[PDB]
Amino acid sequence: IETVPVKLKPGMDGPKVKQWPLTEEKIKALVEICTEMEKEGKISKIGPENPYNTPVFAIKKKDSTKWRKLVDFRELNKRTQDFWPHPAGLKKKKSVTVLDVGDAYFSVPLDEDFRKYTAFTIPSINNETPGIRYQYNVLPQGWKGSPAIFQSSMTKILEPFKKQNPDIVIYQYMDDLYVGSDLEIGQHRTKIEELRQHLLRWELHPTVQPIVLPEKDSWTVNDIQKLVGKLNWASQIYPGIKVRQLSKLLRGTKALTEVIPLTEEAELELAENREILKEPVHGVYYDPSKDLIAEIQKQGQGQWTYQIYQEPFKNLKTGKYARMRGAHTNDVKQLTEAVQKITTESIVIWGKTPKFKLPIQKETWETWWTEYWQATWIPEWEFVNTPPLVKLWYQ
Amino acid sequence: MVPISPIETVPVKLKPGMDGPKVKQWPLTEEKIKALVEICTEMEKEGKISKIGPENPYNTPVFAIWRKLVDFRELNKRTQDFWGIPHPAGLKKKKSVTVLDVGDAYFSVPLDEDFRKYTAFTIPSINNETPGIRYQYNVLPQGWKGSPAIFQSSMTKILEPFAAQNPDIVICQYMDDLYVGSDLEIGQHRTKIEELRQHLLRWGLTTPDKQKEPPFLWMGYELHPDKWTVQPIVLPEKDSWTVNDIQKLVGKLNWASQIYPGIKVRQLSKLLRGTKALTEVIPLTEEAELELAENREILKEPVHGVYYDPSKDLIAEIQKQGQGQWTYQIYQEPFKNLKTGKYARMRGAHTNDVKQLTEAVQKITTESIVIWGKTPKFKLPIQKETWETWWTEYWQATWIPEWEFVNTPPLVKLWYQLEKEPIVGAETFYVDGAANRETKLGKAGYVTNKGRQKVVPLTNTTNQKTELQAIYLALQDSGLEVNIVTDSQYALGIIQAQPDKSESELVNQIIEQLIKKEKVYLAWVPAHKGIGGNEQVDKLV
Ligand SMILES: N#Cc1ccc2c(Oc3ccccc3OCCn3ccc(=O)[nH]c3=O)cccc2c1
Ligand SMILES: [Mg+2]
Ligand SMILES: [Mg+2]
């Protein structure tokens, strides 16, 4: 009912970001939604005296044929002064369910002085009419300050539920509310409905994957060459990996498909390498003061591999996505879904989103990514233009 | 007197840390002084300005050309920041289209009172024997940074109700002009136009009777009722060209390319690299002269675009012009274009047709979403199988929207495809190359499983070039199917990027060799790790 004073970081002006082109149906959906939001006083139209603009587009979440308004708050979030609680037990919980609490944010009024920075623009087709401009009178979804401000309120809402059973972990990131537990999915569903109506009144399944080497009865020259390449690669990550007895098999010059029988010393070397690989990595820690880097490799056939790390050859997490949902004919759709899942997991585990490095040209991604995007948050990303040799090594 | 509806002002604030303008007044001639005195007299009589006193410590210079030229340049730096033209091809055809234009656009809109004091200027009295006459603005000044935004916001605010009340008329506001199209009968159209005129008169916005029947000359375009085009393209004729005139020329050709199909700027654009001088004379190759010549050929026959019909599919068709050049036509019906265009490949070391095609499709898609607010169906010179293979085996994620194969050679194709697994019954070439970083001397060659060996000595070369060279040699001397083992991450990287064309002629020759091959398997191994068959001993000599 009262607006907590909010400013920006020292020496930083408000965000000015070009609104990118929108399709017709998205423009229409935004027009309808923003009209209805205007009627409810959530947002108000503004004049030219406001230089600031933040991008906006429209999406569709699954099970919903109704549009949702997605604001890209990245630059504004970066330009807000750091606002001054992470449950490491959330990742340990057997199951975690995600909720959208965004409807609750619109009750809290936004600081009047700060409202000028939340300005956005519904664009028009072919620049025939000037864009419709709005500013938020309440806490906007996607803004980093919104959960921080509603944090206390949310605590007040969750006091009875949390006090009632404290075997249930509750976390909050942006517009999303994550709830972990050990319960059964039926009882979990009933409990989540209980918390849902509890919200009325006022599905995930959570290690760094081991580097594996083939087990073969007979090795070709090619097999051993790939093995040596993978082991040499892994030697960066692991201290004691030695390829010298395996390389001694390749000695002479033979056809790639010719079978080379393993020697005693070579088999021993491979075994020792296996044992070394079975251990975890030496001295791997998570520095909260460092960036999270995510790298994704397209493996083909819907397969994707990823690694989250703060330092080269020290991996905080690794994973693989074969998941097939409506994505078969479309690479970019798959990539977007993968980025979303990796980001979600990153949010659960470390509390924050990773900086992505994407195996896609900038222009392609820039063109098509918003069409497949169902998340309320957005991460940062990079584009790698040089094909990695590590592709085969993470397969 | 009719009570003109008040236009609520726009609050204006100066930039934080900066103060109001203080600048000297120019030594103007007596005639100019008299002229400005008269102008400001009748202006004050109209109520667009008011006289102030010495209290105001803000002054901006003034001149005369009569016409009063007020210089706000030092005010524009002290004034806060305030918040793409419509493309003819996107305009939807209407039965009637009327152009209204407001006179005294900025002077019809009041200025924020608190800011008015900052707009002050002084008229020098003759022989400087009297204090100069002080004046301030009650309305939006000509040449003031805040004028266009405030004016268009006010205008929009006034236009909203008429628009909402009349859904059967379409209205587009640009700057000081209003363009009203409609599909209803001509009489009802004229009536509604007069209605709008009086509606604007309610806020005191004057619009002409009678006007300005088509064709409209607007922003370098000619707008006819059924069709649109560009105003005539004038290509300067000079015996010796200047870089500035090449900027002019390339700009003009670019402007003409949105409608005229087949425009090529590549040579002329290639001649502008690292110039940065307006007087510099540059030569022209036969390719360039022939390019500008055929460009003059294209500009002989005049061509028109049509307007946009939402009822029909939007179709983009692309053709390969060669040398990284692509041309596209966006149309509704066959032979009738909405518009046209071109895409030039980005500066790069290596590349292939498919990538450039993809980039073109992206460009056209963005352009389309801007203009028509939708993605067009594509007609592309690429077989479905070619695209299938390419995108499935590409290390990068890639996608093209809905499209069909049009067969109009040259067709985009995959020239070579590397094997997934080693080839049985195919000779295995272990290649290596190296160079001396001092003497710039090196060797490159191969040894195979059949005993075949070669080592070629090379001058003026680098390690990378010798690795590429070694691969090239393996390709030359091998049969239709070959397995090549290389220790080069560089060469493997390039070849895995799958270029069909390259800056490096060595890479081009390698590509040629690849094209001549039936099956090629390229395997990589760590160097210096003592892999047998991989001979550093020969090339490191
Ligand atoms: N000068 C000028 C000028 C005049 C009209 C503009 C405009 O005109 C329009 C304004 C509103 C609605 C449709 C419009 O044009 C649709 C296409 N079209 C265009 C011309 C014509 O005769 N008939 C026609 O069906 C739309 C955009 C810019 C315009 C600029
Ligand atoms: Mg080499
Ligand atoms: Mg070597």
# chains A, B, ... in the order shown; residues from 1 in each chain; ligands from 1
>>> residues_around(residues="range 351-355 of chain B", least_positions_apart="2", cutoff="7 Å", atoms="only C-alpha atoms", output="VMD selection string")
chain B and resid 348 357 to 359 412 499 to 502
>>> write_last_selection(atoms="C-alpha atoms", output="tab-separated table (two decimals), in the first residue's frame")
chain	number	residue	atom	x	y	z
B	348	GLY	CA	34.66	-12.82	-44.31
B	357	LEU	CA	21.12	-17.53	-48.54
B	358	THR	CA	20.12	-17.97	-44.91
B	359	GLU	CA	21.35	-14.48	-44.01
B	412	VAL	CA	22.39	-23.29	-54.36
B	499	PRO	CA	33.27	-23.20	-47.35
B	500	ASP	CA	32.53	-23.42	-51.08
B	501	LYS	CA	34.62	-20.28	-51.64
B	502	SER	CA	37.56	-18.65	-49.89
>>> residues_near_ligand(ligand="ligand 3", cutoff="9 Å", atoms="only C-alpha atoms and all ligand atoms", output="PyMOL selection string")
chain B and resi 431-434+463+467+486-488+526-528+534-536+539-540
>>> closest_atom_pairs(of="chain B", to="ligand 1", cutoff="9 Å", atoms="only C-alpha atoms and all ligand atoms", output="CSV")
residue,atom,partner,partner_atom_place_in_ligand_line,distance
B:85,CA,ligand 1,28 (C),8.4
B:86,CA,ligand 1,27 (C),6.0
B:87,CA,ligand 1,27 (C),7.5
B:88,CA,ligand 1,27 (C),6.7
B:89,CA,ligand 1,17 (C),8.4
B:90,CA,ligand 1,17 (C),8.2
B:91,CA,ligand 1,16 (C),4.5
B:92,CA,ligand 1,16 (C),4.6
B:93,CA,ligand 1,25 (O),3.3
B:94,CA,ligand 1,25 (O),3.8
B:95,CA,ligand 1,25 (O),6.1
B:96,CA,ligand 1,23 (N),6.2
B:97,CA,ligand 1,22 (O),5.1
B:98,CA,ligand 1,5 (C),6.8
B:99,CA,ligand 1,4 (C),5.5
B:100,CA,ligand 1,4 (C),8.9
B:169,CA,ligand 1,12 (C),7.8
B:170,CA,ligand 1,12 (C),4.8
B:171,CA,ligand 1,11 (C),4.6
B:172,CA,ligand 1,11 (C),5.1
B:173,CA,ligand 1,27 (C),8.0
B:174,CA,ligand 1,28 (C),7.3
B:177,CA,ligand 1,2 (C),8.1
B:178,CA,ligand 1,10 (C),7.8
B:179,CA,ligand 1,10 (C),4.3
B:180,CA,ligand 1,11 (C),4.4
B:181,CA,ligand 1,12 (C),3.7
B:182,CA,ligand 1,12 (C),6.6
B:183,CA,ligand 1,25 (O),8.9
B:212,CA,ligand 1,1 (N),8.3
B:213,CA,ligand 1,22 (O),8.2
B:214,CA,ligand 1,22 (O),5.9
B:215,CA,ligand 1,22 (O),7.0
B:216,CA,ligand 1,1 (N),4.7
B:217,CA,ligand 1,1 (N),5.6
B:218,CA,ligand 1,1 (N),4.6
B:219,CA,ligand 1,1 (N),7.9
B:221,CA,ligand 1,1 (N),8.8
B:222,CA,ligand 1,1 (N),8.5
B:223,CA,ligand 1,20 (C),5.3
B:224,CA,ligand 1,22 (O),5.2
B:225,CA,ligand 1,22 (O),3.3
B:226,CA,ligand 1,23 (N),6.1
B:227,CA,ligand 1,19 (C),7.5
B:228,CA,ligand 1,19 (C),7.7
B:306,CA,ligand 1,17 (C),8.8
B:307,CA,ligand 1,17 (C),6.0
B:308,CA,ligand 1,17 (C),8.0
>>> residues_around(residues="range 290-305 of chain B", least_positions_apart="5", cutoff="8 Å", atoms="only C-alpha atoms", output="number ranges by chain")
B: 89, 227-229, 233, 259-265, 267, 336-339
>>> write_last_selection(atoms="C-alpha atoms", output="mmCIF file, in the first residue's frame")
data_model
loop_
_atom_site.group_PDB
_atom_site.id
_atom_site.type_symbol
_atom_site.label_atom_id
_atom_site.label_comp_id
_atom_site.auth_asym_id
_atom_site.auth_seq_id
_atom_site.Cartn_x
_atom_site.Cartn_y
_atom_site.Cartn_z
ATOM 1 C CA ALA B 89 4.933 -1.183 -50.502
ATOM 2 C CA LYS B 227 0.953 2.168 -57.795
ATOM 3 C CA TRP B 228 4.164 3.653 -56.402
ATOM 4 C CA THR B 229 7.716 4.278 -57.581
ATOM 5 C CA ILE B 233 17.466 8.609 -60.167
ATOM 6 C CA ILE B 259 12.097 -1.148 -56.752
ATOM 7 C CA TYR B 260 14.471 -1.624 -59.732
ATOM 8 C CA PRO B 261 15.529 -5.309 -59.782
ATOM 9 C CA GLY B 262 19.139 -6.343 -60.410
ATOM 10 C CA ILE B 263 21.088 -3.370 -59.055
ATOM 11 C CA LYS B 264 24.733 -4.190 -58.257
ATOM 12 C CA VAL B 265 26.803 -1.916 -55.999
ATOM 13 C CA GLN B 267 32.511 -2.992 -57.261
ATOM 14 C CA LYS B 336 3.552 -7.369 -59.883
ATOM 15 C CA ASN B 337 6.033 -6.560 -57.120
ATOM 16 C CA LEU B 338 5.352 -5.005 -53.749
ATOM 17 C CA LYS B 339 9.036 -4.109 -53.692
#
>>> closest_atom_pairs(of="chain A", to="chain B", cutoff="8 Å", atoms="only C-alpha atoms", output="tab-separated table")
residue	atom	partner	partner_atom	distance
A:21	CA	B:370	CA	5.6
A:22	CA	B:369	CA	6.6
A:23	CA	B:373	CA	4.6
A:24	CA	B:373	CA	5.0
A:47	CA	B:153	CA	6.7
A:48	CA	B:83	CA	5.4
A:49	CA	B:82	CA	5.7
A:50	CA	B:83	CA	6.2
A:51	CA	B:83	CA	4.3
A:52	CA	B:83	CA	7.0
A:125	CA	B:373	CA	5.5
A:126	CA	B:371	CA	4.3
A:127	CA	B:86	CA	5.1
A:128	CA	B:172	CA	5.3
A:129	CA	B:172	CA	5.8
A:130	CA	B:173	CA	7.9
A:222	CA	B:422	CA	7.3
A:225	CA	B:525	CA	6.3
A:226	CA	B:525	CA	7.4
A:228	CA	B:525	CA	7.7
A:229	CA	B:525	CA	6.0
A:232	CA	B:526	CA	7.5
A:243	CA	B:529	CA	7.8
A:244	CA	B:529	CA	7.3
A:247	CA	B:531	CA	5.1
A:248	CA	B:532	CA	7.0
A:249	CA	B:532	CA	7.6
A:250	CA	B:532	CA	4.6
A:251	CA	B:532	CA	3.5
A:252	CA	B:532	CA	5.0
A:253	CA	B:533	CA	3.9
A:254	CA	B:449	CA	5.0
A:255	CA	B:428	CA	5.4
A:256	CA	B:422	CA	6.4
A:257	CA	B:424	CA	6.1
A:297	CA	B:395	CA	7.9
A:298	CA	B:395	CA	6.2
A:299	CA	B:395	CA	7.7
A:300	CA	B:392	CA	6.7
A:301	CA	B:392	CA	7.8
A:330	CA	B:399	CA	6.4
A:331	CA	B:397	CA	5.2
A:332	CA	B:397	CA	6.0
A:335	CA	B:397	CA	7.3
A:359	CA	B:396	CA	5.1
A:360	CA	B:396	CA	5.2
A:361	CA	B:396	CA	7.7
A:363	CA	B:362	CA	6.9
A:364	CA	B:362	CA	6.4
A:367	CA	B:362	CA	6.7
A:386	CA	B:493	CA	7.4
A:387	CA	B:395	CA	6.5
>>> residues_around(residues="range 137-148 of chain A", least_positions_apart="3", cutoff="8 Å", atoms="only C-alpha atoms", output="PDB file with N, CA and C atoms, in the first residue's frame")
ATOM      1  N   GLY A  41      -5.421   0.660 -14.159  1.00  0.00           N
ATOM      2  CA  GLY A  41      -4.483   1.574 -13.534  1.00  0.00           C
ATOM      3  C   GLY A  41      -3.097   0.997 -13.326  1.00  0.00           C
ATOM      4  N   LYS A  42      -2.872  -0.211 -13.834  1.00  0.00           N
ATOM      5  CA  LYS A  42      -1.567  -0.851 -13.728  1.00  0.00           C
ATOM      6  C   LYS A  42      -0.527  -0.074 -14.522  1.00  0.00           C
ATOM      7  N   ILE A  43      -0.934   0.423 -15.686  1.00  0.00           N
ATOM      8  CA  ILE A  43      -0.072   1.262 -16.507  1.00  0.00           C
ATOM      9  C   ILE A  43      -0.806   2.508 -16.989  1.00  0.00           C
ATOM     10  N   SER A  44      -0.044   3.542 -17.329  1.00  0.00           N
ATOM     11  CA  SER A  44      -0.617   4.789 -17.829  1.00  0.00           C
ATOM     12  C   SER A  44       0.169   5.318 -19.024  1.00  0.00           C
ATOM     13  N   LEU A  70       5.432  -9.968 -22.405  1.00  0.00           N
ATOM     14  CA  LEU A  70       6.789 -10.155 -21.914  1.00  0.00           C
ATOM     15  C   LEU A  70       7.611  -8.898 -22.141  1.00  0.00           C
ATOM     16  N   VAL A  71       8.090  -8.308 -21.054  1.00  0.00           N
ATOM     17  CA  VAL A  71       8.954  -7.144 -21.147  1.00  0.00           C
ATOM     18  C   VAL A  71      10.398  -7.592 -20.988  1.00  0.00           C
ATOM     19  N   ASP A  72      11.295  -7.070 -21.819  1.00  0.00           N
ATOM     20  CA  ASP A  72      12.703  -7.403 -21.659  1.00  0.00           C
ATOM     21  C   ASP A  72      13.343  -6.327 -20.793  1.00  0.00           C
ATOM     22  N   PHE A  73      13.583  -6.677 -19.536  1.00  0.00           N
ATOM     23  CA  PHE A  73      14.014  -5.717 -18.527  1.00  0.00           C
ATOM     24  C   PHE A  73      15.519  -5.733 -18.274  1.00  0.00           C
ATOM     25  N   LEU A  76      17.415  -2.396 -17.871  1.00  0.00           N
ATOM     26  CA  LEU A  76      16.875  -1.712 -16.699  1.00  0.00           C
ATOM     27  C   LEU A  76      17.332  -2.395 -15.418  1.00  0.00           C
ATOM     28  N   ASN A  77      17.325  -3.725 -15.426  1.00  0.00           N
ATOM     29  CA  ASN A  77      17.798  -4.496 -14.283  1.00  0.00           C
ATOM     30  C   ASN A  77      19.268  -4.209 -14.003  1.00  0.00           C
ATOM     31  N   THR A  80      19.581  -0.754 -12.368  1.00  0.00           N
ATOM     32  CA  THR A  80      19.073  -0.529 -11.018  1.00  0.00           C
ATOM     33  C   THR A  80      20.169  -0.799  -9.999  1.00  0.00           C
ATOM     34  N   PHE A  83      20.024  -4.289  -5.062  1.00  0.00           N
ATOM     35  CA  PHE A  83      19.004  -4.269  -4.023  1.00  0.00           C
ATOM     36  C   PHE A  83      19.334  -5.221  -2.883  1.00  0.00           C
ATOM     37  N   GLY A 102       3.237 -13.653 -10.749  1.00  0.00           N
ATOM     38  CA  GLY A 102       3.196 -12.315 -11.316  1.00  0.00           C
ATOM     39  C   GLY A 102       1.927 -11.524 -11.057  1.00  0.00           C
ATOM     40  N   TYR A 105       2.135  -9.269  -8.025  1.00  0.00           N
ATOM     41  CA  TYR A 105       3.006  -8.098  -8.080  1.00  0.00           C
ATOM     42  C   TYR A 105       2.260  -6.805  -8.379  1.00  0.00           C
ATOM     43  N   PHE A 106       1.115  -6.921  -9.043  1.00  0.00           N
ATOM     44  CA  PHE A 106       0.417  -5.750  -9.563  1.00  0.00           C
ATOM     45  C   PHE A 106      -0.431  -5.053  -8.503  1.00  0.00           C
ATOM     46  N   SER A 107      -0.446  -5.610  -7.298  1.00  0.00           N
ATOM     47  CA  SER A 107      -1.113  -4.966  -6.175  1.00  0.00           C
ATOM     48  C   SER A 107      -0.239  -3.858  -5.592  1.00  0.00           C
ATOM     49  N   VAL A 108       1.067  -4.097  -5.546  1.00  0.00           N
ATOM     50  CA  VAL A 108       2.001  -3.121  -4.993  1.00  0.00           C
ATOM     51  C   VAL A 108       2.275  -1.974  -5.962  1.00  0.00           C
ATOM     52  N   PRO A 109       2.061  -0.732  -5.501  1.00  0.00           N
ATOM     53  CA  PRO A 109       2.361   0.463  -6.297  1.00  0.00           C
ATOM     54  C   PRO A 109       3.860   0.734  -6.399  1.00  0.00           C
ATOM     55  N   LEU A 110       4.285   1.261  -7.541  1.00  0.00           N
ATOM     56  CA  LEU A 110       5.694   1.539  -7.797  1.00  0.00           C
ATOM     57  C   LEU A 110       6.034   2.977  -7.424  1.00  0.00           C
ATOM     58  N   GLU A 112       6.855   6.593  -7.426  1.00  0.00           N
ATOM     59  CA  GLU A 112       6.415   7.524  -8.462  1.00  0.00           C
ATOM     60  C   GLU A 112       7.576   8.121  -9.253  1.00  0.00           C
ATOM     61  N   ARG A 115       9.016   5.545 -11.787  1.00  0.00           N
ATOM     62  CA  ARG A 115       8.092   5.075 -12.823  1.00  0.00           C
ATOM     63  C   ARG A 115       8.499   5.469 -14.241  1.00  0.00           C
ATOM     64  N   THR A 118      10.362   2.659 -16.356  1.00  0.00           N
ATOM     65  CA  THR A 118       9.654   1.449 -16.765  1.00  0.00           C
ATOM     66  C   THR A 118       8.918   1.638 -18.090  1.00  0.00           C
ATOM     67  N   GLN A 151       9.192  -9.088  -1.526  1.00  0.00           N
ATOM     68  CA  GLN A 151       9.830 -10.099  -0.685  1.00  0.00           C
ATOM     69  C   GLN A 151       9.182 -10.197   0.698  1.00  0.00           C
ATOM     70  N   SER A 152       9.008  -9.049   1.348  1.00  0.00           N
ATOM     71  CA  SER A 152       8.401  -8.995   2.673  1.00  0.00           C
ATOM     72  C   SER A 152       6.944  -9.450   2.633  1.00  0.00           C
ATOM     73  N   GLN A 172      12.256 -17.930  -4.506  1.00  0.00           N
ATOM     74  CA  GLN A 172      11.614 -16.962  -5.383  1.00  0.00           C
ATOM     75  C   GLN A 172      12.628 -16.281  -6.294  1.00  0.00           C
ATOM     76  N   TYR A 173      12.392 -16.362  -7.598  1.00  0.00           N
ATOM     77  CA  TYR A 173      13.232 -15.666  -8.562  1.00  0.00           C
ATOM     78  C   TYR A 173      12.365 -14.978  -9.602  1.00  0.00           C
ATOM     79  N   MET A 174      12.473 -13.653  -9.668  1.00  0.00           N
ATOM     80  CA  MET A 174      11.672 -12.837 -10.579  1.00  0.00           C
ATOM     81  C   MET A 174      10.178 -13.087 -10.383  1.00  0.00           C
ATOM     82  N   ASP A 175       9.483 -13.403 -11.470  1.00  0.00           N
ATOM     83  CA  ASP A 175       8.046 -13.642 -11.414  1.00  0.00           C
ATOM     84  C   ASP A 175       7.737 -15.084 -11.029  1.00  0.00           C
ATOM     85  N   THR A 376       9.588 -16.131 -18.397  1.00  0.00           N
ATOM     86  CA  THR A 376       9.342 -14.752 -17.985  1.00  0.00           C
ATOM     87  C   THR A 376      10.636 -13.970 -17.784  1.00  0.00           C
ATOM     88  N   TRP A 377      11.751 -14.679 -17.636  1.00  0.00           N
ATOM     89  CA  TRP A 377      13.047 -14.016 -17.559  1.00  0.00           C
ATOM     90  C   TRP A 377      13.806 -14.195 -18.867  1.00  0.00           C
TER      91      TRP A 377
END
>>> closest_residue(among="B:284, B:456, B:435, B:256", to="ligand 2", atoms="only C-alpha atoms and all ligand atoms")
B:435
>>> closest_atom_pairs(of="range 270-388 of chain A", to="range 214-221 of chain A", cutoff="12 Å", atoms="only C-alpha atoms", output="Markdown table")
| residue | atom | partner | partner_atom | distance |
| --- | --- | --- | --- | --- |
| A:270 | CA | A:214 | CA | 9.9 |
| A:271 | CA | A:215 | CA | 10.3 |
| A:273 | CA | A:214 | CA | 11.8 |
| A:274 | CA | A:214 | CA | 9.9 |
>>> write_last_selection(atoms="N, CA and C atoms", output="short mmCIF file (atom, residue, chain, number, x, y, z; two decimals), in the first residue's frame")
data_model
loop_
_atom_site.label_atom_id
_atom_site.label_comp_id
_atom_site.auth_asym_id
_atom_site.auth_seq_id
_atom_site.Cartn_x
_atom_site.Cartn_y
_atom_site.Cartn_z
N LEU A 270 44.92 -47.34 -20.11
CA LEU A 270 43.51 -47.04 -20.31
C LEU A 270 42.74 -47.24 -19.01
N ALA A 271 43.06 -48.31 -18.29
CA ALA A 271 42.42 -48.60 -17.01
C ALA A 271 42.69 -47.48 -16.00
N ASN A 273 43.53 -44.48 -16.60
CA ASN A 273 42.82 -43.30 -17.07
C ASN A 273 41.35 -43.34 -16.66
N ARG A 274 40.73 -44.51 -16.80
CA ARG A 274 39.35 -44.70 -16.36
C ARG A 274 39.20 -44.37 -14.88
#
>>> select_by_dssp(residues="range 33-254 of chain A", states="helix (DSSP H, G or I)", output="PyMOL selection string")
chain A and resi 33-39+74-79+102-105+114-117+125-127+145-164+185-201+221-237+244-247
>>> atom_distance(atom1="CA of residue 276 in chain A", atom2="CA of residue 345 in chain A")
27.8 Å
>>> residues_around(residues="residue 15 in chain B", least_positions_apart="4", cutoff="8 Å", atoms="only C-alpha atoms", output="count of residues only")
4
>>> residues_around(residues="residue 340 in chain A", least_positions_apart="2", cutoff="12 Å", atoms="only C-alpha atoms", output="CSV table (one decimal) with N, CA and C atoms, in the first residue's frame")
chain,number,residue,atom,x,y,z
A,294,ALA,N,27.6,-20.6,-19.7
A,294,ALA,CA,27.0,-21.8,-20.3
A,294,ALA,C,27.4,-22.0,-21.7
A,296,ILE,N,26.7,-24.5,-25.1
A,296,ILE,CA,25.8,-25.5,-25.7
A,296,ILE,C,26.4,-26.0,-27.1
A,321,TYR,N,20.5,-32.9,-23.3
A,321,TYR,CA,19.1,-32.8,-23.6
A,321,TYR,C,18.7,-33.5,-25.0
A,333,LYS,N,14.2,-23.6,-32.4
A,333,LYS,CA,13.3,-23.9,-31.3
A,333,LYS,C,13.9,-24.8,-30.2
A,334,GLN,N,14.6,-25.8,-30.7
A,334,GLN,CA,15.3,-26.7,-29.8
A,334,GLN,C,16.3,-25.9,-28.9
A,335,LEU,N,17.1,-25.1,-29.6
A,335,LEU,CA,18.1,-24.3,-28.9
A,335,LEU,C,17.5,-23.4,-27.9
A,336,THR,N,16.4,-22.8,-28.2
A,336,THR,CA,15.7,-21.9,-27.3
A,336,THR,C,15.2,-22.6,-26.0
A,337,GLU,N,14.5,-23.8,-26.3
A,337,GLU,CA,14.1,-24.6,-25.2
A,337,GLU,C,15.2,-25.1,-24.3
A,338,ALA,N,16.4,-25.4,-24.9
A,338,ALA,CA,17.6,-25.8,-24.2
A,338,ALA,C,18.1,-24.7,-23.3
A,342,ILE,N,18.4,-25.0,-19.2
A,342,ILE,CA,19.6,-24.7,-18.6
A,342,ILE,C,19.6,-23.5,-17.6
A,343,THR,N,18.9,-22.5,-18.1
A,343,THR,CA,18.7,-21.3,-17.2
A,343,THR,C,17.9,-21.6,-16.0
A,344,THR,N,16.8,-22.4,-16.1
A,344,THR,CA,16.0,-22.8,-15.0
A,344,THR,C,16.8,-23.5,-14.0
A,345,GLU,N,17.5,-24.5,-14.4
A,345,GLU,CA,18.4,-25.3,-13.6
A,345,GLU,C,19.4,-24.4,-12.9
A,346,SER,N,19.9,-23.5,-13.6
A,346,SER,CA,20.9,-22.6,-13.1
A,346,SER,C,20.3,-21.7,-11.9
A,347,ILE,N,19.1,-21.3,-12.2
A,347,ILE,CA,18.3,-20.5,-11.2
A,347,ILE,C,18.1,-21.4,-9.9
A,353,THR,N,21.1,-16.6,-13.3
A,353,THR,CA,21.1,-17.1,-14.6
A,353,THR,C,22.5,-17.0,-15.2
A,354,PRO,N,22.9,-18.0,-16.1
A,354,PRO,CA,24.2,-18.0,-16.7
A,354,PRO,C,24.3,-17.1,-17.9
A,356,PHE,N,25.2,-17.1,-21.6
A,356,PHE,CA,25.2,-18.2,-22.6
A,356,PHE,C,26.2,-17.9,-23.7
A,369,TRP,N,14.2,-16.0,-32.0
A,369,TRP,CA,14.2,-16.6,-30.6
A,369,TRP,C,13.0,-16.2,-29.8
A,370,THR,N,12.4,-15.1,-30.1
A,370,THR,CA,11.2,-14.6,-29.3
A,370,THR,C,10.0,-15.5,-29.6
A,372,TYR,N,9.7,-18.7,-30.0
A,372,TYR,CA,9.7,-20.0,-29.2
A,372,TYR,C,9.9,-19.8,-27.7
A,373,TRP,N,9.9,-18.6,-27.2
A,373,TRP,CA,10.3,-18.3,-25.9
A,373,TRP,C,9.1,-18.2,-24.9
A,374,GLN,N,9.1,-19.1,-24.0
A,374,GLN,CA,8.0,-19.2,-23.0
A,374,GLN,C,8.4,-18.7,-21.6
A,375,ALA,N,9.6,-18.3,-21.3
A,375,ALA,CA,10.1,-17.9,-20.0
A,375,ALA,C,9.7,-16.4,-19.7
A,376,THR,N,9.6,-16.1,-18.4
A,376,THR,CA,9.3,-14.8,-18.0
A,376,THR,C,10.6,-14.0,-17.8
A,377,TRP,N,11.8,-14.7,-17.6
A,377,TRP,CA,13.0,-14.0,-17.6
A,377,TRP,C,13.8,-14.2,-18.9
A,378,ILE,N,14.9,-13.5,-19.0
A,378,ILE,CA,15.8,-13.7,-20.1
A,378,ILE,C,17.3,-13.7,-19.7
A,379,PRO,N,18.1,-14.6,-20.3
A,379,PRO,CA,19.5,-14.5,-19.9
A,379,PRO,C,20.4,-13.7,-20.9
A,380,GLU,N,21.6,-13.5,-20.6
A,380,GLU,CA,22.6,-12.9,-21.6
A,380,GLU,C,23.1,-14.0,-22.5
>>> closest_residue(among="B:320, B:238, B:465, B:440", to="ligand 2", atoms="only C-alpha atoms and all ligand atoms")
B:465
>>> closest_residue(among="B:520, B:444, B:164, B:281", to="residue 239 in chain B", atoms="only C-alpha atoms")
B:281
>>> residues_around(residues="residue 310 in chain A", least_positions_apart="6", cutoff="8 Å", atoms="only C-alpha atoms", output="ChimeraX atom specification")
/A:286-287,290-293,316
>>> closest_residue(among="B:166, B:40, B:76, B:196", to="residue 14 in chain B", atoms="only C-alpha atoms")
B:76
>>> select_by_dssp(residues="range 302-487 of chain B", states="strand (DSSP E)", output="NGL selection string")
:B and (315-322 or 325-333 or 336-344 or 350-351 or 377-380 or 403-405 or 427-435 or 442-448 or 453-458 or 481-486)
>>> closest_residue(among="B:471, B:454, B:517, B:206", to="ligand 2", atoms="only C-alpha atoms and all ligand atoms")
B:471
